[PDB]
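**Student:** Coordinates for the following, if possible.
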Amino acid sequence: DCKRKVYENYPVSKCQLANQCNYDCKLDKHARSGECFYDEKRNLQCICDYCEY
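**Tutor:** Numbers count the residues shown, from 1 in each chain. Please see the structure below:
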């Protein structure tokens, strides 16, 4: 039972960074594995997933 959300508002240039995504995600979104991935529109965005046992 977890949740996820994408914020296109964020800079795509950061997508290249793997430690930057989760850093900005786990920061505000308090996610756990915040990372970016190609969307259905071939658009690269940073998605944040928040899960709590």
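**Student:** Which elements pack onto the top strand by length along the chain?
**Tutor:** Among the segments of the chain that qualify as a strand by DSSP state E, the longest is strand 44-51. In terms of contacts (3 or more Cβ pairs under 8 Å, 6 or more residues apart in numbering; DSSP states H and E), strand 44-51 is packed against strand 2-6, helix 18-24, strand 35-38. C-betas here are computed from N, CA, C, even on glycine.
**Student:** Residue 4 pairs with what?
**Tutor:** residue 49 (DSSP bridges).
**Student:** Check whether it really touches residue 46, as I assumed.
**Tutor:** No. Between residue 4 and residue 46 there is no contact under Cβ atoms under 8 Å: 11.2 Å.
**Student:** Identify the residue nearest the spatially most central residue of the chain in space, chain neighbours excluded?
**Tutor:** When Cα atoms, centre = their mean is applied to the chain, the residue found nearest the centroid is residue 47 (2.6 Å). Leaving aside its chain neighbours, residue 47 sits nearest to residue 6 (4.2 Å; criterion: Cβ to Cβ, 6 or more residues apart in numbering).
**Student:** got the contact list for that neighbour?
**Tutor:** By Cβ atoms under 8 Å, 6 or more residues apart in numbering, the contact set of residue 6 is 39, 45, 46, 47, 48.
**Student:** And the residues you listed, which is closest to residue 22?
**Tutor:** Distance to residue 22 across these (Cβ to Cβ) is lowest for residue 48, with 8.1 Å.
**Student:** Now for that closest one, how many residues are close by?
**Tutor:** 25 (other Cβ atoms under 10 Å).
**Student:** OK, contacts around it?
**Tutor:** With Cβ under 8 Å, 6+ apart, residue 48 has these contacts: 4, 5, 6, 7, 21, 24, 25, 26, 29, 31, 34.
**Student:** which one of residue 4 and residue 46 has more residues nearby?
**Tutor:** residue 46 (25 against 14).
**Student:** Filter the contacts of residue 48 down to the buried ones and express that as a PyMOL selection.
**Tutor:** Of these, the buried ones go into a single PyMOL selection, burial set by 16 or more other Cβ atoms under 10 Å:
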select buried, resi 21+24+25+26+29+31+34
